[PDB]
>>> print(open('entry28.csv').read())   # CSV, C-alpha atoms
chain,number,residue,atom,x,y,z
A,171,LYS,CA,0.0,0.0,0.0
A,172,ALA,CA,1.3,3.5,-1.0
A,173,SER,CA,1.9,5.5,2.2
A,174,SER,CA,0.7,2.6,4.2
A,175,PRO,CA,-0.3,3.4,7.9
A,176,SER,CA,1.6,1.8,10.7
A,177,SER,CA,-1.7,0.5,12.1
A,178,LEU,CA,-5.5,1.2,12.0
A,179,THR,CA,-5.4,4.5,13.9
A,180,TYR,CA,-8.3,6.8,14.6
A,181,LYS,CA,-7.8,8.6,11.3
A,182,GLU,CA,-7.7,5.3,9.4
A,183,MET,CA,-10.7,3.7,11.2
A,184,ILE,CA,-12.9,6.7,10.9
A,185,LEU,CA,-12.1,6.9,7.2
A,186,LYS,CA,-12.9,3.3,6.3
A,187,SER,CA,-15.9,3.0,8.6
A,188,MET,CA,-17.6,5.9,6.7
A,189,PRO,CA,-17.9,4.1,3.3
A,190,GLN,CA,-18.4,0.7,5.1
A,191,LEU,CA,-21.6,2.3,6.6
A,192,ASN,CA,-24.9,2.7,4.8
A,193,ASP,CA,-25.2,5.7,2.4
A,194,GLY,CA,-28.1,7.3,4.2
A,195,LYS,CA,-27.3,11.0,4.5
A,196,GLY,CA,-23.7,10.3,5.3
A,197,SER,CA,-22.6,8.9,8.7
A,198,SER,CA,-23.4,10.7,12.0
A,199,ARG,CA,-20.6,11.4,14.4
A,200,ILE,CA,-22.7,9.3,16.8
A,201,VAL,CA,-23.2,6.3,14.5
A,202,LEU,CA,-19.6,6.4,13.3
A,203,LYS,CA,-18.4,6.2,16.9
A,204,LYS,CA,-20.9,3.4,17.6
A,205,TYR,CA,-19.7,1.4,14.6
A,206,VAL,CA,-16.0,1.7,15.3
A,207,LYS,CA,-16.2,1.0,19.0
A,208,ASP,CA,-18.5,-2.0,18.4
A,209,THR,CA,-16.7,-3.5,15.3
A,210,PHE,CA,-13.1,-2.6,16.4
A,211,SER,CA,-13.8,-3.6,20.0
A,212,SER,CA,-11.1,-6.3,19.9
A,213,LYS,CA,-8.6,-4.1,18.0
A,214,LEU,CA,-9.3,-0.5,18.9
A,215,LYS,CA,-7.9,0.0,22.4
A,216,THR,CA,-10.9,2.1,23.7
A,217,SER,CA,-8.9,2.5,26.9
A,218,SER,CA,-9.5,6.1,27.8
A,219,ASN,CA,-8.4,8.5,25.0
A,220,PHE,CA,-11.1,7.2,22.6
A,221,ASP,CA,-13.9,9.7,23.1
A,222,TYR,CA,-11.6,12.8,22.8
A,223,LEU,CA,-9.3,11.5,20.1
A,224,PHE,CA,-12.2,10.2,18.0
A,225,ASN,CA,-13.5,13.8,17.4
A,226,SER,CA,-9.9,15.1,17.2
A,227,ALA,CA,-9.1,12.6,14.4
A,228,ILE,CA,-12.3,13.7,12.7
A,229,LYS,CA,-10.9,17.2,12.7
A,230,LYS,CA,-8.0,15.9,10.8
A,231,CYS,CA,-10.3,14.1,8.4
A,232,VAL,CA,-12.2,17.4,7.6
A,233,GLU,CA,-8.9,19.1,7.0
A,234,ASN,CA,-7.9,16.1,4.9
A,235,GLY,CA,-10.4,17.0,2.2
A,236,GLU,CA,-11.9,13.5,2.2
A,237,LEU,CA,-14.3,14.3,5.1
A,238,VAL,CA,-16.7,17.2,5.0
A,239,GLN,CA,-18.5,18.8,8.0
A,240,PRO,CA,-21.1,21.3,6.8
A,241,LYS,CA,-22.6,21.8,10.3
A,242,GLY,CA,-19.5,20.7,12.1
A,243,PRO,CA,-19.9,18.5,15.2
A,244,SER,CA,-23.6,19.3,15.4
A,245,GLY,CA,-23.9,17.8,11.9
A,246,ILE,CA,-24.0,14.5,10.2
A,247,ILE,CA,-20.6,13.6,8.7
A,248,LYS,CA,-20.5,13.4,4.9
A,249,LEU,CA,-18.0,12.2,2.4
A,250,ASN,CA,-16.5,15.1,0.4
A,251,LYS,CA,-15.2,14.9,-3.1
A,252,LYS,CA,-13.8,18.4,-3.8
A,253,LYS,CA,-10.8,20.0,-2.2
A,254,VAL,CA,-11.5,23.3,-0.4
A,255,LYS,CA,-10.3,26.5,-2.0
A,256,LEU,CA,-6.6,27.0,-1.4
A,257,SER,CA,-5.8,30.5,-0.3
A,258,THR,CA,-2.8,31.9,-2.3
>>> encode(input="entry28.csv", output="structure tokens")
Amino acid sequence: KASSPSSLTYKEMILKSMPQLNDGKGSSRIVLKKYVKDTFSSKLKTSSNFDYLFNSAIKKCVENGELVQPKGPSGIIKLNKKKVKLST
């Protein structure tokens, strides 16, 4: 894999869980967290820094360009397919 991740980190899991979920109207920050914690229960540590880092990793995802957050945290996460305007 090109630029392969060392492991399935938050950024990686949040990414893949999104398409793996039903189209719907995207994937809620709620449902995404529910999916990853449930599915990756025997893989994701979920020791203590899950709740905080989950959202923090989502912040990386929105900056990434792949994830879009129209209404931000109080908004259902949606897949983006257009890079945000780069300020010269």
>>> residues_around(input="entry28.csv", residues="residue 221 of chain A", least_positions_apart="3", cutoff="12 Å", atoms="only C-alpha atoms", output="mmCIF file with C-alpha atoms, in the coordinates of the input")
data_model
loop_
_atom_site.group_PDB
_atom_site.id
_atom_site.type_symbol
_atom_site.label_atom_id
_atom_site.label_comp_id
_atom_site.auth_asym_id
_atom_site.auth_seq_id
_atom_site.Cartn_x
_atom_site.Cartn_y
_atom_site.Cartn_z
ATOM 1 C CA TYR A 180 -8.300 6.800 14.600
ATOM 2 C CA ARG A 199 -20.600 11.400 14.400
ATOM 3 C CA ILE A 200 -22.700 9.300 16.800
ATOM 4 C CA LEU A 202 -19.600 6.400 13.300
ATOM 5 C CA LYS A 203 -18.400 6.200 16.900
ATOM 6 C CA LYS A 204 -20.900 3.400 17.600
ATOM 7 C CA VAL A 206 -16.000 1.700 15.300
ATOM 8 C CA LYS A 207 -16.200 1.000 19.000
ATOM 9 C CA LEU A 214 -9.300 -0.500 18.900
ATOM 10 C CA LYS A 215 -7.900 0.000 22.400
ATOM 11 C CA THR A 216 -10.900 2.100 23.700
ATOM 12 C CA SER A 217 -8.900 2.500 26.900
ATOM 13 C CA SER A 218 -9.500 6.100 27.800
ATOM 14 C CA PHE A 224 -12.200 10.200 18.000
ATOM 15 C CA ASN A 225 -13.500 13.800 17.400
ATOM 16 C CA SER A 226 -9.900 15.100 17.200
ATOM 17 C CA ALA A 227 -9.100 12.600 14.400
ATOM 18 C CA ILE A 228 -12.300 13.700 12.700
#
>>> atom_distance(input="entry28.csv", atom1="atom CA of residue 187 of chain A", atom2="atom CA of residue 229 of chain A")
15.6 Å
>>> atom_distance(input="entry28.csv", atom1="atom CA of residue 249 of chain A", atom2="atom CA of residue 181 of chain A")
14.0 Å
>>> atom_distance(input="entry28.csv", atom1="atom CA of residue 172 of chain A", atom2="atom CA of residue 248 of chain A")
24.7 Å
>>> residues_around(input="entry28.csv", residues="residue 196 of chain A", least_positions_apart="4", cutoff="9 Å", atoms="only C-alpha atoms", output="PyMOL selection string")
chain A and resi 188-189+191-192+246-249
>>> write_last_selection(input="entry28.csv", atoms="C-alpha atoms", output="JSON list (two decimals), keeping the file's coordinate frame")
[["chain", "number", "residue", "atom", "x", "y", "z"],
["A", 188, "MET", "CA", -17.60, 5.90, 6.70],
["A", 189, "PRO", "CA", -17.90, 4.10, 3.30],
["A", 191, "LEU", "CA", -21.60, 2.30, 6.60],
["A", 192, "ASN", "CA", -24.90, 2.70, 4.80],
["A", 246, "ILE", "CA", -24.00, 14.50, 10.20],
["A", 247, "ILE", "CA", -20.60, 13.60, 8.70],
["A", 248, "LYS", "CA", -20.50, 13.40, 4.90],
["A", 249, "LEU", "CA", -18.00, 12.20, 2.40]]
>>> residues_around(input="entry28.csv", residues="residue 235 of chain A", least_positions_apart="6", cutoff="10 Å", atoms="all atoms listed in the file", output="tab-separated table (two decimals) with C-alpha atoms, keeping the file's coordinate frame")
chain	number	residue	atom	x	y	z
A	249	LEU	CA	-18.00	12.20	2.40
A	250	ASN	CA	-16.50	15.10	0.40
A	251	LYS	CA	-15.20	14.90	-3.10
A	252	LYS	CA	-13.80	18.40	-3.80
A	253	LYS	CA	-10.80	20.00	-2.20
A	254	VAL	CA	-11.50	23.30	-0.40
>>> build_atoms(input="entry28.csv", residues="segment 198-218 of chain A", atoms="N, CA, C and O atoms", output="compact mmCIF listing (two decimals), keeping the file's coordinate frame")
# COMPACT_ATOMS: atom_id res chain seq x y z
N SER A 198 -23.43 9.79 10.85
CA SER A 198 -23.40 10.70 12.00
C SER A 198 -22.17 10.41 12.86
O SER A 198 -21.70 9.28 12.96
N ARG A 199 -21.69 11.46 13.50
CA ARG A 199 -20.60 11.40 14.40
C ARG A 199 -20.88 10.36 15.51
O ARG A 199 -20.01 9.65 16.02
N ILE A 200 -22.17 10.26 15.80
CA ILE A 200 -22.70 9.30 16.80
C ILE A 200 -22.59 7.87 16.23
O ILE A 200 -22.04 6.99 16.91
N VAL A 201 -23.15 7.62 15.05
CA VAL A 201 -23.20 6.30 14.50
C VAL A 201 -21.80 5.78 14.12
O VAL A 201 -21.50 4.59 14.24
N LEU A 202 -20.95 6.69 13.67
CA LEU A 202 -19.60 6.40 13.30
C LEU A 202 -18.82 5.87 14.52
O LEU A 202 -18.14 4.84 14.48
N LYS A 203 -19.00 6.57 15.64
CA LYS A 203 -18.40 6.20 16.90
C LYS A 203 -18.93 4.86 17.39
O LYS A 203 -18.19 4.03 17.93
N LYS A 204 -20.23 4.67 17.23
CA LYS A 204 -20.90 3.40 17.60
C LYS A 204 -20.35 2.25 16.83
O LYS A 204 -20.13 1.17 17.36
N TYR A 205 -20.17 2.47 15.53
CA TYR A 205 -19.70 1.40 14.60
C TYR A 205 -18.28 1.01 14.97
O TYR A 205 -17.98 -0.18 15.06
N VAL A 206 -17.39 1.98 15.06
CA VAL A 206 -16.00 1.70 15.30
C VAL A 206 -15.72 1.04 16.63
O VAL A 206 -14.97 0.07 16.72
N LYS A 207 -16.37 1.55 17.67
CA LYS A 207 -16.20 1.00 19.00
C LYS A 207 -16.75 -0.44 19.08
O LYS A 207 -16.20 -1.28 19.79
N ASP A 208 -17.83 -0.69 18.37
CA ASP A 208 -18.50 -2.00 18.40
C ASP A 208 -17.64 -2.99 17.52
O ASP A 208 -17.28 -4.08 17.98
N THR A 209 -17.40 -2.62 16.27
CA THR A 209 -16.70 -3.50 15.30
C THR A 209 -15.24 -3.68 15.71
O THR A 209 -14.73 -4.80 15.70
N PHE A 210 -14.55 -2.59 16.02
CA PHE A 210 -13.10 -2.60 16.40
C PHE A 210 -12.94 -2.79 17.86
O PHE A 210 -11.96 -2.30 18.40
N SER A 211 -13.86 -3.46 18.54
CA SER A 211 -13.80 -3.60 20.00
C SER A 211 -12.54 -4.45 20.37
O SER A 211 -11.84 -4.14 21.33
N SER A 212 -12.27 -5.50 19.60
CA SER A 212 -11.10 -6.30 19.90
C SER A 212 -9.92 -5.93 19.00
O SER A 212 -9.18 -6.78 18.52
N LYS A 213 -9.74 -4.63 18.82
CA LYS A 213 -8.60 -4.10 18.00
C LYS A 213 -8.34 -2.68 18.38
O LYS A 213 -7.21 -2.34 18.75
N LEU A 214 -9.38 -1.86 18.43
CA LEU A 214 -9.30 -0.50 18.90
C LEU A 214 -9.18 -0.57 20.47
O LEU A 214 -9.88 -1.36 21.11
N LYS A 215 -8.19 0.12 21.01
CA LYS A 215 -7.90 0.00 22.40
C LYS A 215 -9.04 0.49 23.31
O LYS A 215 -9.28 -0.12 24.36
N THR A 216 -9.75 1.56 22.89
CA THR A 216 -10.90 2.10 23.70
C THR A 216 -10.58 2.17 25.17
O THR A 216 -11.45 1.89 26.00
N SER A 217 -9.34 2.48 25.52
CA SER A 217 -8.90 2.50 26.90
C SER A 217 -9.38 3.70 27.65
O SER A 217 -9.98 3.60 28.72
N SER A 218 -9.11 4.88 27.10
CA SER A 218 -9.50 6.10 27.80
C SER A 218 -9.53 7.29 26.78
O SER A 218 -10.45 8.09 26.81
